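Read the structure below first, then the notes.
Protein chains: 2
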Amino acid sequence: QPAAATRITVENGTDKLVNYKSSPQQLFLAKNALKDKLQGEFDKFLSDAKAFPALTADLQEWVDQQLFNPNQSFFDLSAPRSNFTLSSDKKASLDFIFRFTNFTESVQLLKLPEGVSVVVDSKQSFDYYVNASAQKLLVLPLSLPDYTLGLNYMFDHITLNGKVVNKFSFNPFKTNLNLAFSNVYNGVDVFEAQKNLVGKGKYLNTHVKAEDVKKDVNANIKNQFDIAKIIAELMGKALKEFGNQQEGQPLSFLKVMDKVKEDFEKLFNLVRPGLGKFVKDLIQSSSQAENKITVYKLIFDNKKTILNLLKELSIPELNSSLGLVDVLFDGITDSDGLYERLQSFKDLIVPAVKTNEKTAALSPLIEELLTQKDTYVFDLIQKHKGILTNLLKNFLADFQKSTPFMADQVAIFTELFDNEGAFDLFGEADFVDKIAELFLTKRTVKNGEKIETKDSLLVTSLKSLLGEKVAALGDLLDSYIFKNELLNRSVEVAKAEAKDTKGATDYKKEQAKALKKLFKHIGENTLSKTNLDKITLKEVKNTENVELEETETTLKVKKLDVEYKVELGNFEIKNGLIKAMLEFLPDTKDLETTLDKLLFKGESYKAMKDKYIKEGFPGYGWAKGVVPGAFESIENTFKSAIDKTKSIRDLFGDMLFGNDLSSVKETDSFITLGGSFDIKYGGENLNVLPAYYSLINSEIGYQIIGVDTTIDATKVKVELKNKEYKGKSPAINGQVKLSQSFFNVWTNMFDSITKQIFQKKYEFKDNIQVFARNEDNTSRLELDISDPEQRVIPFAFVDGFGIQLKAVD
Amino acid sequence: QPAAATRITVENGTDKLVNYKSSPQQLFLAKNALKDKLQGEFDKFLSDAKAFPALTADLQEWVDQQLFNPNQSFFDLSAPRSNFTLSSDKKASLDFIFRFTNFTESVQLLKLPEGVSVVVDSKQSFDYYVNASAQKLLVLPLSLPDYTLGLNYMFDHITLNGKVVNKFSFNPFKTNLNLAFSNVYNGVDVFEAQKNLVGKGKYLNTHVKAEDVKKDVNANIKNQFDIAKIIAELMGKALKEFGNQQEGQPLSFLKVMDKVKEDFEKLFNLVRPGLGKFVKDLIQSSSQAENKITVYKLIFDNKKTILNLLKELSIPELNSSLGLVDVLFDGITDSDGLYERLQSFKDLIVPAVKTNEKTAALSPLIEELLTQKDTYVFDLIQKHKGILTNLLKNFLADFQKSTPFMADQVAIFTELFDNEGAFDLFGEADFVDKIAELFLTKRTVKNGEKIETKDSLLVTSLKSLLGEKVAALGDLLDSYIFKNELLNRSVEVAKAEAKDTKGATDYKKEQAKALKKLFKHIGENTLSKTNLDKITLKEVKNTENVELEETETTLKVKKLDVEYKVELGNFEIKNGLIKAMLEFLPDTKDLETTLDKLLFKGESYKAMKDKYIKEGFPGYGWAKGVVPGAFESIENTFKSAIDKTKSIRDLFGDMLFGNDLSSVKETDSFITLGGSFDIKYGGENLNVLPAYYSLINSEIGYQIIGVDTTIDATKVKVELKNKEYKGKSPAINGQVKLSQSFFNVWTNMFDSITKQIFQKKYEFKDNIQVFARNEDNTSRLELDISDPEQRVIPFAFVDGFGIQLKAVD
């Protein structure tokens with residue numbers, strides 16, 4: 060048999076850390092930091108009610124696995140003498156005597172965790188002595204599957220076989236104490252990592268080459284340009300399908316996604332290597348896709364890509380769910396096996412999800428993720444509208460609280476997703492209609508009495524972006540931009556006064572038609588393959604070697620100087636990119652009243668009117684009756700100039716195009732971009748330092764910080780092809796021609812904008828981070844991710860700022 | 060024979076006074092004042108080298124005229140004993156013994172200046188004793204023909220016939236001392252007169268009656284109205300003759316004076332009684348008069364009127380020349396005798412005139428006043444141009460220094476009379492042409508290089524009167540009032556560039572024609588007898604008795620209250636009083652350029668133009684190219700409204716008349732005056748005090764001071780008959796009609812003027828001075844002008860302010 064056991068119980072619980080200094084409330088520290096406090100924290104578990112059962116269980120595991128597991132075939136083990144002295148003084152010790160009794164008639168040897176060479180004859184009671192004086196158990200760390208601080212104990216000086224074994228480890232890599240940390244991880248956070256990762260002949264310096272730096276720097280610009288071009292063609296290949304769709308035939312956001320699915324793959328195989336099959340599979344995982352693929356097929360195939368994307372999420376706690384992914388995917392050859400194993404594990408997965416408050420609302424989702432084998436991501440998204448909208452609203456609110464600079468975009472996004480039906484895009488709907496009824500339609504999202512005056516999303520975005528930049532013409536926006544059924548459809552008012560559905564009354568299809576026309580033009584006239592082909596990113600030098608200097612904990616670029624010329628060719632923005640937007644404006648012929656209100660019936664002209672009526676006209680004085688004959692023809696000629704048959708569409712056509720709208724050809728180019736602009740990535744003595752993912756990962760890149768990315772936008776010509784007024788029937792023609800004057804003002808302001816907002820020799824500085832990947836997804840900078848010294852913890856908090864394991868002190 | 064004479068020489072000289080206190084340098088004091096200083100001043104003559112011959116001459120005159128003139132027929136006079144003791148102590152005395160020896164054999168009596176009853180037989184030496192102790196000779200005054208202080212001496216206590224004769228006068232009324240005063244006159248100046256002239260039963264109170272006061276007060280208003288009406292008809296009877304004269308036929312200022320001569324008489328027989336023949340004779344004393352009358356005929360006939368007018372002149376010294384007028388006119392029955400006596404007296408008159416510096420320049424004038432018997436006043440005036448212009452300039456300069464309030468009228472008068480040829484009006488000339496070439500013609504009165512830019516008299520008067528009241532429209536006056544050949548004929552420029560005498564070039568007859576047309580209209584349409592007949596001065600109460608209260612040195616009106624209603628009827632100021640003045644303005648069709656300069660090319664509009672061009676247009680801001688399309692039609696419509704064929708005459712016709720000038724009838728009434736205004740001469744306890752002429756005169760009036768002369772101008776209606784625009788071809792017609800607006804402005808401003816400048820219930824206070832004359836020029840208030848107590852000296856200086864007969868002390 061084996062030795063007697065008394066308290067072999069081993070179950071226990073983990074611990075957690077407390078905030079210190081003025082650090083964020085979410086503490087996710089790494090190892091070190093509490094270098095001295097680890098012993099003190101382990102002493103608490105060493106001197107509590109859970110201490111001696113854990114110690115006895117560890118002793119039992121040691122005396123079975125390490126003592127008689129290679130034995131007991133010919134040597135029975137007994138423990139006649141065995142005692143412990145774990146006292147209240149937090150000082151532990153032991154004294155064990157082991158007898159090996161052999162019943163076989165032969166000569167054998169004892170295998171013990173030491174260089175022991177002892178010969179024992181048959182029927183002989185071999186002696187074994189394990190002595191431990193009263194001493195403080197030392198603390199060493201272990202790496203849990205979650206990469207958390209699994210505190211373990213070791214003996215300092217204990218005698219085995221009568222000799223002292225210095226630095227004795229009591230079955231390392233696993234202890235029956237379960238004293239983990241919920242907020243402290245094994246490894247080096249962000250900066251203790253940049254002590255053994257860079258240097259003279261250390262990891263980063265010997266794994267990053269000058270030719271590699273040059274090729275990655277060039278490929279950074281090349282891939283940025285390529286993804287920009289693929290994005291531009293994508294909206295321009297899907298936009299063409301959107302626009303060309305016939306009226307009354309629904310075309311969902313995802314049915315068109317298939318028609319450009321490969322492009323997405325290309326796009327996402329250039330943003331991140333290996334992320335090519337995942338997105339092309341994702342946009343095919345819907346009922347509207349031509350070839351449906353299940354969620355399990357989506358997940359098992361590109362498991363590694365999903366792992367990288369999850370590790371790129373900002374939330375640390377996801378890594379806790381990421382520790383079982385490798386165990387989840389072990390021994391699986393097809394998606395059916397993965398589905399079966401997830402069904403097997405559901406009995407433990409779903410209670411953990413339900414018990415977690417953060418994922419408590421998520422509980423239904425994962426539910427059918429284990430209930431139906433034909434799950435589709437986008438079908439789930441369109442079916443679980445409420446929960447997904449809730450998380451999206453929370454995430455967007457957090458982003459607003461974190462990104463005040465893009466507050467308008469987050470505001471319009473939140474207003475969009477305030478409606479559950481906004482998730483009907485990812486389903487069986489009409490995108491060219493859903494985007495119109497979400498972004499260009501009044502909202503009534505309330506139930507108290509009525510808040511239907513909430514207007515549309517585009518109108519609110521214009522109000523935010525034109526807050527106070529323009530004031531007098533704001534009334535114009537009130538009469539032509541804020542009060543048009545093509546941008547503010549006025550929900551629930553169509554069936555209020557007509558109740559007969561006239562052709563003009565139904566503005567839901569006229570606005571959809573205008574949006575389809577705009578999509579047609581942006582698709583096959585502006586962002587077409589032919590029009591986007593004349594934008595060439597040509598290398599200029601691309602020859603200089605990017606020498607690297609290494610000296611102690613540093614890695615610098617000697618002289619980075621690469622320049623790429625983006626030649627815009629002749630990017631003809633044809634008439635129709637802005638002619639369709641003109642057609643979005645109402646075609647109401649009532650131009651006299653609106654212009655009269657804007658010019659004369661205002662807040663400043665009326666004050667001058669009154670002041671000149673009561674008194675004024677300096678030098679004259681006594682001629683006060685002349686005044687209501689002076690500011691009456693001044694208004695009269697201006698009013699009479701306005702053509703009775705011209706709307707704001709025609710006025711804006713005169714202002715922008717010059718010639719009248721009916722006489723302006725849609726094939727002509729409104730704006731032509733010619734020439735080229737330079738990109739001048741440069742720098743001297745630029746530091747190169749490791750760049751990690753959001754969570755703990757074995758894949759690492761490198762970043763060059765302080766790269767002067769000069770975008771010299773000069774040498775480009777943004778020319779208005781129609782720089783002269785060719786109109787024959789101007790809206791405000793006459794001796795007080797204002798449409799021509801407005802057109803000249805527009806041309807001058809366009810030249811000013813292209814001189815200041817456009818080319819200005821932009822100067823930027825940032826960090827070029829490249830996570831370069833090899834051919835078969837064997838990225839050059841991959842760490843051992845095994846020993847607790849290269850396990851980087853990017854989300855951890857650095858001890859340099861100051862963290863202590865105590866309650867606010 | 061008579062008594063022996065030793066120093067009968069009597070010739071001597073006068074004296075003069077010296078300034079004292081802070082009195083004006085021209086001292087012309089009256090008697091009294093130097094009440095105590097007269098004795099001291101006479102002592103100087105009593106103790107000088109001229110004393111004893113004067114005393115001896117006085118003694119001789121006394122002993123011939125008063126002693127033996129009624130004797131020597133039977134009583135020879137001898138002076139065996141005779142001595143004087145006029146010592147250096149200024150104490151005079153005498154001792155005389157007279158023997159009367161009769162050679163006739165009869166009994167006679169001696170006639171002496173005393174109650175002496177003595178009987179002397181024949182051949183008897185009658186004795187006479189005249190004793191005088193050493194005593195100071197007292198001083199008494201005498202009245203010279205010039206009414207100056209003729210100091211005379213008297214003896215206090217001397218014994219005649221053995222008895223003392225108290226207050227002995229040594230031949231009064233004449234002394235051989237000739238100690239006159241050049242600055243002190245006998246009598247009471249202005250206020251010592253109002254001590255014996257008013258009182259309880261003294262002169263003014265007993266010579267002024269309540270009915271007399273009432274009738275004179277009523278006649279004051281009646282005569283003021285009558286002279287105003289006669290003046291208005293006079294220019295309107297002479298103006299008609301001026302206007303109706305044919306072109307090229309000269310009509311002098313005096314040839315027309317005859318055609319209205321009687322009116323002048325009427326006028327001047329209402330301004331001052333008896334001044335009716337003088338002015339009617341004066342304006343007939345010229346070569347241009349139909350019936351010439353000599354200066355002697357003009358002077359001898361109305362000698363009394365000339366005396367009153369000369370006594371009304373402000374200069375005191377003229378009275379010295381007035382002392383011989385009565386002696387001049389003694390024993391003369393016709394103008395021939397007066398001419399003969401002036402020729403006789405010329406040998407003394409002309410040296411006195413020449414020796415006097417003030418009349419030294421006058422010497423030629425009086426010269427022919429005694430050289431030709433056919434002298435004419437106006438022929439002399441037009442012949443002695445230089446001297447008369449010199450005195451007129453000096454008098455006008457003095458009036459300017461004395462009357463700053465009417466400085467503009469004196470300035471234009473001085474500018475007029477700066478030319479000698481300005482006196483050609485009173486001769487053989489053309490008034491309708493001379494007044495045009497003097498008042499509406501440029502002046503070049505200088506010889507240095509050129510001052511021809513002096514402009515005309517009317518232009519300078521407008522510049523003075525429109526100094527800074529209007530500024531912006533001043534440029535209009537520069538282009539239409541300051542630069543018109545009808546008001547600024549531009550002398551010496553007509554024969555500069557043309558040299559061919561075109562019809563338009565000769566502006567001397569076109570301007571004369573315009574002036575003649577204006578005279579025609581003011582003569583027979585506005586100031587005609589028919590039009591002036593409808594202005595009636597009606598008494599309202601004229602019944603209340605003006606009771607007078609007398610109490611010591613006072614005379615007050617108990618309650619003066621008279622009111623006269625001047626009913627203006629319908630005084631039709633026809634079209635032509637202002638239509639002719641419109642025709643004076645140039646008829647140049649260039650109205651666009653002048654109005655453009657006045658309105659747009661100014662000093663304030665251009666600044667606003669520039670400010671709005673550089674920046675501005677509040678609320679818009681970025682629209683700066685619109686501005687040179689905004690302030691271009693604002694000007695363009697205003698410029699295009701102005702009719703190309705309309706001049707400033709037409710614009711002013713639209714502004715004033717309404718309807719166009721060609722369609723405005725000259726017989727219509729531009730302004731009609733209707734209703735009536737009240738004159739409310741009133742007051743309680745109003746002082747009545749004597750009022751004298753400028754110089755010493757026996758004719759006196761009385762003045763009521765403090766009369767509240769309320770001219771309640773209310774209840775009159777000055778109506779514009781054309782208060783609505785009836786024009787069919789306005790100068791600035793269109794949608795920016797400004798001629799109609801200008802006309803409405805003119806109508807409103809006319810109503811405002813007639814509400815404030817016109818009727819306002821004017822309140823005035825003054826002194827009603829009446830020099831009432833009886834039927835045969837026997838004015839009621841005439842003083843004895845004989846005794847040295849009623850001889851008023853109005854020009855004298857009152858001793859109350861302080862005057863002493865010493866050099867500045």
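So the protein sequences, as listed, match chains A and B.
Counted the way the deposited numbering counts, the first sequence spans residues 60 to 868.
Counted the way the deposited numbering counts, the second sequence spans residues 60 to 868.
Positions of the beta carbon are idealized from the N, C-alpha and C atoms, including for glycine.
Report buried or exposed for residue i, applying the criterion of at least 16 other Cβ atoms within 10 angstroms of its Cβ.
i	result
residue 646(B)	exposed
residue 538(A)	buried
Can residue i and residue j be called in contact, C-beta distance under 9 Å?
i	j	result
residue 728(B)	residue 844(B)	no
residue 849(B)	residue 244(B)	no
residue 858(B)	residue 93(B)	yes
residue 627(B)	residue 593(B)	yes
residue 704(A)	residue 776(A)	no
residue 447(B)	residue 482(B)	yes
residue 791(A)	residue 720(A)	no
residue 172(B)	residue 201(B)	no
residue 500(A)	residue 547(A)	yes
residue 787(A)	residue 695(A)	no
residue 750(A)	residue 761(A)	yes
residue 618(A)	residue 603(A)	yes
residue 740(B)	residue 622(B)	yes
Shorter than 9 Å from the beta carbon of residue i to some beta carbon of chain A?
i	result
residue 692(B)	yes
residue 746(B)	no
residue 675(B)	no
Taking only three categories from DSSP, how would you classify residue i?
i	result
residue 826(A)	strand
residue 744(B)	strand
residue 265(A)	helix
residue 180(B)	coil
residue 608(B)	strand
residue 758(A)	strand
residue 548(B)	coil
residue 228(A)	strand
Any C-beta of chain B sitting closer than 9 Å to the C-beta of residue i?
i	result
residue 815(A)	no
residue 697(A)	yes
residue 687(A)	yes
residue 706(A)	no
Next item on the list: Could I get the ranges of all uninterrupted alpha helix (DSSP H) runs contained in the segment 553 to 601 of chain A, with 4 residues as the minimum, in chain order?
Entry: Taking only runs of at least 4 residues, the alpha helix (DSSP H) segments lying wholly in the segment 553 to 601 of chain A are 553 to 556, 566 to 580, 588 to 592.
Check: What are the complete beta strand (DSSP E) segments, minimum 3 residues, inside the segment 413 to 473 of chain A?
Finding: none
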